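Remarks on the structure that follows.
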Amino acid sequence: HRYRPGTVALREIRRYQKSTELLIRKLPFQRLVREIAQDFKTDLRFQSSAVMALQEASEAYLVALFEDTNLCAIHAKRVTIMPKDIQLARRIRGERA
DNA sequence: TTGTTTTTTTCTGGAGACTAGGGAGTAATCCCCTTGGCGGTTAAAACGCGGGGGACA
């Protein structure tokens with residue numbers, strides 16, 4: 001049959017909140033880090049541990065930001081997060097101007 | 001029958017070349033290593049379709 005929209009989303013929320021493994025596949029993230037670093041200094045080498053630490057910090061920060069975004073969206077009587085939500089959360093945080 | 005002497009035998013400066021080996025230099029080969037190709041394995045990001053839900057007024 002068909003699951004009504006919004007139920008499988010709750011199932012994934014339950015699934016991913018019980019687990020800790022990283023949600024971004026490694027190699028694209030590593031290539032993105034390498035590209036970003038290249039603009040600061042050339043012919044650079046990275047320890048896999050450094051790259052893993054970068055991924056852990058980035059994913060945790062993104063999860064916290066998504067939590068704040070969901071809270072902001074709920075405050076607007078809304079269920080869907082939209083860019084203004086991220087913007088407001090970042091603004092109140094003080095990272096974005 | 002013994003010992004002194006005779007005699008025999010053993011011992012006692014310069015030039016013009018050549019080759020051959022050792023240290024340093026170059027480059028090459030075999031083994032290993034890095035990288036790319038062939039062969040297999042498929043979950044999923046994107047795209048489509050259809051329907052439920054809420055954003056906005």
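By convention in this document, the chains of the structure tokens carry letters A, B, ... by their order, each chain's residues are numbered from 1, and ligands are numbered from 1 in the order they are shown.
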
Please return, as an MDAnalysis selection string, all residues of chain B lying within 10 Å of chain A when only C-alpha atoms (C1' of nucleotides) are considered. chainID B and resid 51:55

Limited to N, CA and C atoms (P, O5', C5', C4', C3', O3' and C1' of nucleotides), could you put the picked residues into a file as a PDB file, in the first residue's frame?
ATOM      1  P    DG B  51      -4.068  10.339  -7.936  1.00  0.00           P
ATOM      2  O5'  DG B  51      -3.908  10.755  -6.402  1.00  0.00           O
ATOM      3  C5'  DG B  51      -3.479   9.788  -5.454  1.00  0.00           C
ATOM      4  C4'  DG B  51      -3.012  10.452  -4.173  1.00  0.00           C
ATOM      5  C3'  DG B  51      -4.006  11.433  -3.547  1.00  0.00           C
ATOM      6  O3'  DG B  51      -4.050  11.238  -2.139  1.00  0.00           O
ATOM      7  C1'  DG B  51      -1.931  12.494  -3.865  1.00  0.00           C
ATOM      8  P    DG B  52      -5.281  11.796  -1.271  1.00  0.00           P
ATOM      9  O5'  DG B  52      -4.573  12.451   0.004  1.00  0.00           O
ATOM     10  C5'  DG B  52      -3.698  11.669   0.808  1.00  0.00           C
ATOM     11  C4'  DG B  52      -2.817  12.552   1.678  1.00  0.00           C
ATOM     12  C3'  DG B  52      -3.559  13.581   2.523  1.00  0.00           C
ATOM     13  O3'  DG B  52      -2.893  13.743   3.765  1.00  0.00           O
ATOM     14  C1'  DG B  52      -2.105  14.695   1.031  1.00  0.00           C
ATOM     15  P    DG B  53      -3.645  14.442   4.998  1.00  0.00           P
ATOM     16  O5'  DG B  53      -2.900  15.844   5.147  1.00  0.00           O
ATOM     17  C5'  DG B  53      -1.497  15.880   5.362  1.00  0.00           C
ATOM     18  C4'  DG B  53      -0.979  17.290   5.187  1.00  0.00           C
ATOM     19  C3'  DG B  53      -1.875  18.361   5.792  1.00  0.00           C
ATOM     20  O3'  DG B  53      -1.300  18.824   7.007  1.00  0.00           O
ATOM     21  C1'  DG B  53      -1.103  18.958   3.571  1.00  0.00           C
ATOM     22  P    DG B  54      -1.955  20.050   7.811  1.00  0.00           P
ATOM     23  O5'  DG B  54      -1.145  21.315   7.272  1.00  0.00           O
ATOM     24  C5'  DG B  54       0.267  21.229   7.103  1.00  0.00           C
ATOM     25  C4'  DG B  54       0.793  22.401   6.293  1.00  0.00           C
ATOM     26  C3'  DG B  54       0.511  23.775   6.887  1.00  0.00           C
ATOM     27  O3'  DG B  54       1.550  24.670   6.530  1.00  0.00           O
ATOM     28  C1'  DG B  54      -0.597  23.583   4.820  1.00  0.00           C
ATOM     29  P    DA B  55       1.770  26.032   7.352  1.00  0.00           P
ATOM     30  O5'  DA B  55       2.057  27.118   6.217  1.00  0.00           O
ATOM     31  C5'  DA B  55       3.118  26.916   5.291  1.00  0.00           C
ATOM     32  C4'  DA B  55       3.102  27.974   4.198  1.00  0.00           C
ATOM     33  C3'  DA B  55       2.879  29.399   4.677  1.00  0.00           C
ATOM     34  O3'  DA B  55       3.616  30.304   3.870  1.00  0.00           O
ATOM     35  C1'  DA B  55       1.008  28.663   3.371  1.00  0.00           C
TER      36       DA B  55
END

Please report, as number ranges by chain, each residue of chain A to which DSSP assigns alpha helix (DSSP H) when run on this structure's backbone. A: 7-17, 26-38, 48-75, 83-93

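Atom to atom, atom CA of residue A:31 and atom CA of residue A:45 stand 12.1 Å apart.
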
Separation of atom CA of residue A:12 from atom CA of residue A:73, in Å and rounded to one decimal: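 Distance reported for this atom pair: 19.5 Å.
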
Could you name the residues that touch stretch 66-69 of chain A at 10 Å or less, counting only C-alpha atoms (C1' of nucleotides), but leaving out those on the same chain fewer than 6 positions away, as a ChimeraX atom specification? /A:60,75,80-90,93

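Straight-line separation from atom CA of residue A:56 to atom CA of residue A:26: 11.0 Å.
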
What's around residue A:47 at 12 Å? Count only C-alpha atoms (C1' of nucleotides), leave out sequence neighbours fewer than 5 positions away in its own chain, and write the answer as a PyMOL selection string. chain A and resi 30+33-34+52-54
